[PDB]
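Structure, as structure tokens:
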Amino acid sequence: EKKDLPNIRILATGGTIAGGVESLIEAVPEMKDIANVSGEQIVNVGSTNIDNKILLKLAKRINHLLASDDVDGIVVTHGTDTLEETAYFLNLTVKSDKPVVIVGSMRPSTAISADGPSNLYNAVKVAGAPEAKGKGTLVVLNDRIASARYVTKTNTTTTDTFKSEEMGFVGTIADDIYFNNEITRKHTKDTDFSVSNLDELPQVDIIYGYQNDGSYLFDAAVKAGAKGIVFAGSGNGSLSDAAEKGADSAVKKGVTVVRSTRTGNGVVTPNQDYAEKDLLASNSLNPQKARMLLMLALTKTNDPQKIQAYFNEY
Amino acid sequence: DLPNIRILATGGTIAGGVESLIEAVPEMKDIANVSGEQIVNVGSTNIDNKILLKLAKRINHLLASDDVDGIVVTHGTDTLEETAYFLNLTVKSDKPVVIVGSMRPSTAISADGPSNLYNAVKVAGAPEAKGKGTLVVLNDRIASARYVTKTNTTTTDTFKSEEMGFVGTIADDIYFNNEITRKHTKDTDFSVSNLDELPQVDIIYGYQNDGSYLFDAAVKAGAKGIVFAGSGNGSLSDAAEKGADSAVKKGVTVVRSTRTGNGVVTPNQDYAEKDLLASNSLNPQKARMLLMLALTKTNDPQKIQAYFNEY
Amino acid sequence: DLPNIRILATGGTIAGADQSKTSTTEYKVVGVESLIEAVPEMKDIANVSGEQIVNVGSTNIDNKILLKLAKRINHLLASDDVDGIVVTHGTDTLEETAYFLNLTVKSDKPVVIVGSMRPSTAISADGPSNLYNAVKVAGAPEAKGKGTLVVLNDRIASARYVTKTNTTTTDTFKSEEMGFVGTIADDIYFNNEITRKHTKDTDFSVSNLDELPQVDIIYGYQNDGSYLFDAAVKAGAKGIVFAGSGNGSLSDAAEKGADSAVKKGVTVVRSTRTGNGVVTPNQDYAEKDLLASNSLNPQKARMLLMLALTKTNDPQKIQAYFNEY
Amino acid sequence: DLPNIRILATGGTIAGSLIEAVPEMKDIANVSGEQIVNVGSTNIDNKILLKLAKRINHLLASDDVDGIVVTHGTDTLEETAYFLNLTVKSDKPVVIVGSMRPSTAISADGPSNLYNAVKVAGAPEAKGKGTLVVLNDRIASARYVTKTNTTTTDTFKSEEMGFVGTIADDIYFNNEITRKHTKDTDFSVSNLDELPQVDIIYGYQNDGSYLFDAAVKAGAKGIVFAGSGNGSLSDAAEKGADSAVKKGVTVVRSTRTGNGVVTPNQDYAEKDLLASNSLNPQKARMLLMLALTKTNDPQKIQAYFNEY
Ligand code: NA
Ligand code: NA
């Protein structure tokens, strides 16, 4: 007597991106055509105020739901500012191949040509697509299906902000879904990370590189209890002499230091001079995404060679 | 006769001593009378305010003479955009200043430095380069210092502007396409002629679960200005906002930039009322250059904000 | 004291409608007054009025319509009651109309071309914001003298540099090499002024013309031939634009067809199928009057070639136009 | 021991005898080569494509060939690369390479391009990736790449699909494409001497039906239309396309935009004016020629356009 449709659960982390989560759901009635949609409010914060406590709660809830036969896929609604941080964390900690799609809107729900309704519809379409199984955590905005591993927010305000210059999208939407790429990095069900038994994460802070910078921010991070530091270096993870003094001091005090880049794209490569002093390379992870992997790495090991190996596979 | 172009070197060679650079690209002799000097010799992460003052003063002196038609500065790529934008605000001439580097070492297969240097000299000597602002020339592209950034760690095509494109491109001949709308060079209100140091400005990065303690440390270290590389449109966590508000109360100017890479950071009523300023379309490290220079003129947040909308 | 902005509607997706709100590629036809009433916020930034010029999908915009549109725009901008114009148009051939107007509008007052990638009925339809922003730009004092502009997705592109780069996405209109004249983030941020001659400063007028010289476009590919050149000449082409591989390159067969067209008095311009970059002069091709399209893609090169042929058949004068416009 | 990499040259040298020009290659491969043809890339034709695919298929069947590099002019490089992606029945790497600057120019890009092409062709992880295009430290799929700029060194790109990988000293593989290719395709051309004729017609304002009519008269078996936007036709172009279909020609609507998918449109699909998916006109031509070696059924041809 009923139409068979996928069971998609929306987990909201902030306000409504289209139009409570119950209403959010009624603002995009088109979703009923393609899913049996249900919803829950996890937390309710602006994305700059998403923190490690919330991430642990969110990953645990997703893992619980996806283990059930009554949930086919999940859509997480989230503020765009830090969406990429949450999406990549879930990419490393969700231990299921069922789809998890993270979505937001660049224009408020009340704005002229608000982008939330289409984004949400498309997120639910992807989350219920059989072919979305096994693709890793996905970010869906503006008719594009991006991997959490490769995507970033590239522009402050534009609808088309989430992109990957060098890796493009997993797929795109033009009425139908077109899947184009599968990523090569390890993810989701295949990672070595679990947050099932964790109530906190190792502290990791980020320091920026620039002309005439110093060592004082490294020293402050160490004093504040950082277990890891990601440095957003100029170019290919480069450090001034002052920054390198700070990084070396941190390493000597037992902090793991990973060199990322402030440029936005490309790989940070191992460099003999840096590698021999355990100033690690972030691969193609930007500073905030490198932080997520470093926190998780530090739950498993303090060995710099093992952490570097994670940065090449995840 | 040909334009007289002076090369000021700040690092190692990008092609083939400053005499070595010139000899490595003999083709330059057909488009300019090239001479050169070594200003400093450092990796670009070690370019600092002292060096920038020296470089700006030397450039301003040289461009005032009739024997110099234009200048090329050879520089490491990592912080090239910081130096280029600083010079865009402090060189008080319409004569061309072109910043150039290479992404591959001069000894590598298919080294890019020889072409880059040749093109930089071609642009520096082009009459239509007059009045364009400071330019950055790599990989057949002519970018404004105001809009360009290094977007990729290692690729030859790294210097770009997604939203503003290039001032021009080269395909044998130079094709000039755009003139920027921001105030620059000859028309700025900044002078560093008599300065021996610049107001200290530090940069703090925004991220989930960040804090106030890095703001506190920058203030303790003597920052006069702080640029915050905020997520999205210059957004702050509650903790970051506590740190920023603390800094403003201690007389530090705080400018919100973005970590995203592109777009404008807009004035936001909640932030603006608390003097947490907006960086416009300046990224953190370029915002830092304008904030340092603004602080040579004023501590008034409304005046500093107006500079961020015009420069 | 608000600017007086006239909307001239021509058709396109922005005036299209489907009964399914989730259809972005299938749709049926909305009137200019409906477009306006759908965006009441416009009343706070302009005094808006509208007229329907034509009502067609943009692949059916033709030279007759362009002439009508350019003449109407020129007459309206001569009045003190009109501060700026917005043209609503289908996206498919928007760049052709925009660049034509960039060469034939004899005023420094703003002309902004706008469309949408989703129909008016779609969820998160993009037309309302695009239209608001087009009106905002057309009424901005700083938009004066910028050349014809194309406004979609919070971006303000020059007609000379923009193209439709994607079949279906909202962010399709871009210039990889030249970027945008400006962008919108609440306020307008003007960033660039183009260097090419435009609008009031061109040598072209269409005030006395009822038709344009026929120009056709031929595409380059492996195993192509001469017979499509021959067919374009037979069909009455006065000019041909060749969308060559790479930097306006021709196969031997294509070069045979081009050379035969030139011998019959047709002007041939080499453009590129790549999408970006400059088609440079080439000594061997220039000696045979196979001209270079500069940074004009095939369809935009066609617009300039048609107007050049209203002034001259001299290949050196035509080439000079391609370098300045 | 090092992989055995064979270089098939189609024209002039892109570097500098290549081993002399780029001696670093000796440390990463045992290189050999041959001059299979000697033409400018605008004059690569169907006869040459068939010769190249037959020769590559033969070579890769040998146990002592680990991978192939083809040096090729950049203008039509994407056409050859995609054809080989559909016809090389092996998982071993085939890498197509060119240079945007002449070998004699300042900062010639060919030496690095060639070195990287050989590095990729010998990399174990390049197996099963489909035909690759390697220029400017980037590793692009033949299925997604195009030449996007007339003259720049960074011209080969895919805005929407990115690269299969990139090179920064080491190779970083990032994506595997989802379309069917190489070892898994249903196309076999080793015994064919010609391919069904396919021509391309451009869409623009004030276009007509005359070019369609001429292509049909010239013997086209298929026509790719480089339509404005999402494979759109003017009324005049549509009349020409419908005339062609009635005369037994298969018509595929591609796009002149450069990116995105051309979607099936009900009114066009009802009339067998097919959709090219995310294939540009010149790449859609290669798939249509091969489709026409198997069938004239428009539904089957459309299905090929959705999978390849
Ligand atoms: Na450097
Ligand atoms: Na349309």
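Each answer follows from the model by the rule given with it, or from the source it names; no laboratory read-out is quoted. So basically every Cβ, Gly included, is an ideal-geometry build from the backbone, and we count neighbours across all protein chains shown.
Please indicate, with yes or no, whether at least one residue in the range B:106-124 is on the phi > 0 side of the Ramachandran plot and more than 14 Å from chain A (Cβ to nearest Cβ).
yes
Go through (1) more than 14 Å from chain B (Cβ to nearest Cβ); (2) within 29 Å of residue D:149 (Cα to Cα) for residue C:208 and report which single condition fails.
(2)
Which condition number in (1) crowded, with 16+ Cβ neighbours inside 10 Å; (2) away from chain D (no Cβ under 14 Å); (3) away from ligand 1 (no atom under 16 Å from the Cβ) is the one that residue B:35 fails?
All conditions pass for residue B:35, except number (1).
Step by step: first the residues of the range C:285-304, then only those that are under 16 Å from the mean Cα position of the chain (by Cα) and assigned to a loop (DSSP other than H, G, I, E, B), then the one that is farthest from the other protein chains (Cβ to nearest Cβ). Which residue is that?
C:296
For residue B:144, only one of the following conditions fails: (1) of a type in the set (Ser, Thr, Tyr); (2) away from chain C (no Cβ under 13 Å); (3) buried (at least 24 other Cβ atoms within 10 Å of the Cβ). What is its number?
Here residue B:144 clears every test but (2).
Could you please let me know if residue C:108 is more than 22 Å from residue C:325 (Cβ to Cβ), more than 16 Å from ligand 1 (Cβ to nearest atom) and among the acidic types (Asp, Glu)? Don't jump to the end; show me each part of the working.
Working: more than 22 Å from residue C:325 (Cβ to Cβ): no; more than 16 Å from ligand 1 (Cβ to nearest atom): yes; among the acidic types (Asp, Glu): yes.
No; evaluated as a whole, the condition is false for this residue.
Would you point out the residue of the range B:39-58, among those that are in contact with a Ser or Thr (Cβ under 8 Å, 6 or more places away or on another chain) and more than 9 Å from chain A (Cβ to nearest Cβ), that is nearest to ligand 1 (Cβ to nearest atom)?
Looking at the filtered set, the residue picked out is B:42.
When you check residue B:24 against the structure, is it small (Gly, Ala, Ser), away from chain A (no Cβ under 14 Å) and away from ligand 1 (no atom under 16 Å from the Cβ), yes or no?
yes
Please find, within the range C:103-126, the residue that is surrounded by the most Cβ atoms within 10 Å (Cβ to Cβ) out of those that are in contact with a strand residue (DSSP E or B) (Cβ under 8 Å, 6 or more places away or on another chain) and not β-branched (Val, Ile, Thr).
C:115
To keep it simple, each residue is scored yes or no on (1) in contact with an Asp or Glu (Cβ under 9 Å, 6 or more places away or on another chain); (2) of a type in the set (A, V, I, L, M, F, W, C); (3) closer than 19 Å to residue D:85 by Cα.
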site: D:1; (1), (2), (3): no, no, no
site: D:4; (1), (2), (3): yes, no, no
site: D:11; (1), (2), (3): no, no, no
site: D:42; (1), (2), (3): yes, no, no
site: D:47; (1), (2), (3): yes, no, yes
site: D:50; (1), (2), (3): yes, yes, yes
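Among the residues of the range C:295-308, are any surrounded by fewer than 23 Cβ atoms within 10 Å (Cβ to Cβ) and of a type in the set (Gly, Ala, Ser)?
No, there is no match, as no residue in the range C:295-308 is surrounded by fewer than 23 Cβ atoms within 10 Å (Cβ to Cβ) and of a type in the set (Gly, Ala, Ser).
In this structure, does residue C:123 turn out to be assigned to a loop (DSSP other than H, G, I, E, B) and in the same structural domain as residue C:184 (by TED's automatic domain parsing)?
Yes: the conditions hold for residue C:123.
Does residue A:204 satisfy the condition of being buried (at least 24 other Cβ atoms within 10 Å of the Cβ) and farther than 23 Å from residue A:273 by Cα?
So residue A:204 passes the test.
Within the range D:172-191, how many residues turn out to be of a type outside the set (D, E, K, R), under 19 Å from the mean Cα position of the chain (by Cα) and part of a loop (DSSP other than H, G, I, E, B)?
So the answer is 7.
I need the helices (runs of 4 or more DSSP H) fully contained in the range C:14-120, keeping only those with at least 3 residues that are among the hydrophobic types (A, V, I, L, M, F, W, C) and within 18 Å of the chain's Cα centre (by Cα).
Result: C:63-77, C:94-104.
Yes or no: residue A:232 at the interface with chain B (Cβ under 7 Å from one of its Cβ atoms), buried (at least 21 other Cβ atoms within 10 Å of the Cβ) and either within 16 Å of ligand 2 (Cβ to nearest atom) or more than 26 Å from residue D:137 (Cβ to Cβ) (or both)?
Details: at the interface with chain B (Cβ under 7 Å from one of its Cβ atoms): yes; buried (at least 21 other Cβ atoms within 10 Å of the Cβ): yes; either within 16 Å of ligand 2 (Cβ to nearest atom) or more than 26 Å from residue D:137 (Cβ to Cβ) (or both): no.
Judged against the criteria, residue A:232 is not a match.
Check the range B:81-89 and report whether any residue there is away from chain A (no Cβ under 14 Å) and closer than 22 Å to residue B:119 by Cα.
Within the range B:81-89 (the criterion being away from chain A (no Cβ under 14 Å) and closer than 22 Å to residue B:119 by Cα), the answer is yes, since at least one residue qualifies.
Please work out which one of (1) more than 7 Å from every other protein chain (Cβ to nearest Cβ); (2) in contact with a helix residue (DSSP H, G or I) (Cβ under 6 Å, 6 or more places away or on another chain) is the condition residue D:193 fails and give its number.
For residue D:193, the failing item is (2).
Determine whether the range C:179-192 contains at least one residue that is under 27 Å from residue C:67 (Cα atoms), among the polar types (S, T, N, Q) and buried (at least 23 other Cβ atoms within 10 Å of the Cβ).
No, the range C:179-192 has no match at all.
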